[PDB]
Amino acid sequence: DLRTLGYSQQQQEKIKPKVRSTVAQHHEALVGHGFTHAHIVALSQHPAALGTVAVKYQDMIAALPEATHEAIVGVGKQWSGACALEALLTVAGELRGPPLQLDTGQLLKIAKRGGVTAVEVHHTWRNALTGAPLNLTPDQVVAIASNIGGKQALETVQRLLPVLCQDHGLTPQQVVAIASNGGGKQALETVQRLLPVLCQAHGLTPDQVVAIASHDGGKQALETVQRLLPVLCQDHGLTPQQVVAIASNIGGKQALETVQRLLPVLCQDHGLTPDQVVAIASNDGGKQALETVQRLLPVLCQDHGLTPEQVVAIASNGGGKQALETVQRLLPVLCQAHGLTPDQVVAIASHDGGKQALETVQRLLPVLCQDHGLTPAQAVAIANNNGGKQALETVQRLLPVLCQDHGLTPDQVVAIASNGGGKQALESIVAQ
C-alpha cells in the first residue's frame, strides 16, 4: 500500500494500519509542502494533524514564519495535534502583540508542550497574568505554559500566587519555579498544604520547601519528605537539612525511599555511616548510586583493594552508579596498560564528572604519549580536577598550537592544565 507512494516497509509498519488511508489521502499535499516521508510517519501519530497540515500548512507559515517542517511535525504529532495548530492560527497574531509579545519559538514551545489547552489559556488569560496582582513576565508565562498540565498550572498560579507570596513569604519567581514543571497545579497545591506543616513541625525553611518542590516530581518529593523525615530522623541521625539535600534533586522521592530502605544494610553490613549514606543519596541518581554502592562496594574493596571511603567518594557525585561501574571497568585497564595506580583512578573518578574523565583519560592517554612526551602521571595531574575531561580534551586539541605558535613545551602545557588555574588559561593564550 503506502510503499507505492514511496514509503519503506519500515516506515509503513511504523504508521499503523488504520491510519494508512488517511496518510494516502493527504500524502500528495504534504510532500508538496516539503514534508519528507519521515515527517509524515511521525505526524501520523496524531491522525487529524495529517489533514490540518495538508490543508492550512501555508496559513501556518503565515502565522509562524520561521517555523520549520520538523517544528510543525513536533507540534502536530502531539495529543492535541492538531487543534493546537488551529489555535495557533487563530491566536498567534494577538499573542505576538501586547502584553506578551510572544515570538514563534515561544508560540511553538507552548502548543507542543502544553497543547491546545495551553495555547488558548495564554491567550484567554493574557492580560490577567501580566497585570496586578500577578505581573508575571512573558517568559514566566511561557515556562508555566509549556508543560503537561500547563493550563491548570496557569489557572492555579493566578489563584495561589498572591496567597503564597502574602501568607508564606514566597517570591513570585519561587511560585513560578514551582509551577514550571509537569503538574504545576498539584505542585502549587502541595506547597500550600505542606509548607506550613514542614516549617512548623520539622524546622524546614520556606526556601527548603521551594527547593524540594521546584524539580520534576517535586510534589511527590514533598509528600515523601513529610512522611519519611520523622522516621529517618528518629531511626537514624538524619537532620532536616540532610533530608532536604536528598529530596532536592530529580528522583528526590526515590532517593529518600532508598535511603530509608538501604541505610540499615549499608551501615550494618558494609560499615558505612548514615552521613556517608546521605552523601551518596544527595545527588541526581542517588537511588541508583546507593543500590550500586551496596552491589559493588565489596567487589571494589576485595578485587582492587579500594577502601569503603574511596567507594563512597566515587559514588558521591552526580551519576554515582555510572561512576562506580566505570571505575570497575577502567581501574584494571588503566593500571595495567597506562601505568596508573588505583589511588590515582579513584582521585580522577571522585569529581563531578569523574566517569567521563576516566574514559577521556583512557581514550587520550595513548595519543598524548605518542605525539607528545606526556607521561601517565601528567595525564592524571590534568584529569585530577573539577573539570578534567574538558581539561584533557583541550590539552590534546591545543597542544600543537601551544607548542608551535606560542612557544610552550608539553611539560609547560601540563603544568598550566593540571590546576583549574589553567585550561581557561590555555584557551586564553590561543585567543591571542
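All residue numbers refer to positions in the sequence shown, first residue = 1.
Higher mean CA temperature factor between 124 to 132 and 137 to 145: 124 to 132, per the PDB entry. Of the two stretches examined, 49 to 57 and 384 to 392, the record assigns the greater average C-alpha temperature factor to 384 to 392. Taking the PDB entry at face value, the top CA B factor among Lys112, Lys185, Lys355, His215 belongs to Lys355. Of all the options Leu64, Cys403, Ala42, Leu30, the entry's greatest CA B-factor is assigned to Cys403. Ranked within its chain, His26 lands in the middle third, by CA B factor from the PDB record.
Looking at the C-alpha B-factors along this chain, the one for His351 belongs to the highest third. When the modelled residues of the chain are ordered by their C-alpha B factor, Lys77 lands in the middle third.
Residue-level temperature factors show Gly407 in the highest third of its chain, judged at the C-alpha atom. When the modelled residues of the chain are ordered by their C-alpha B factor, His69 lands in the lowest third.
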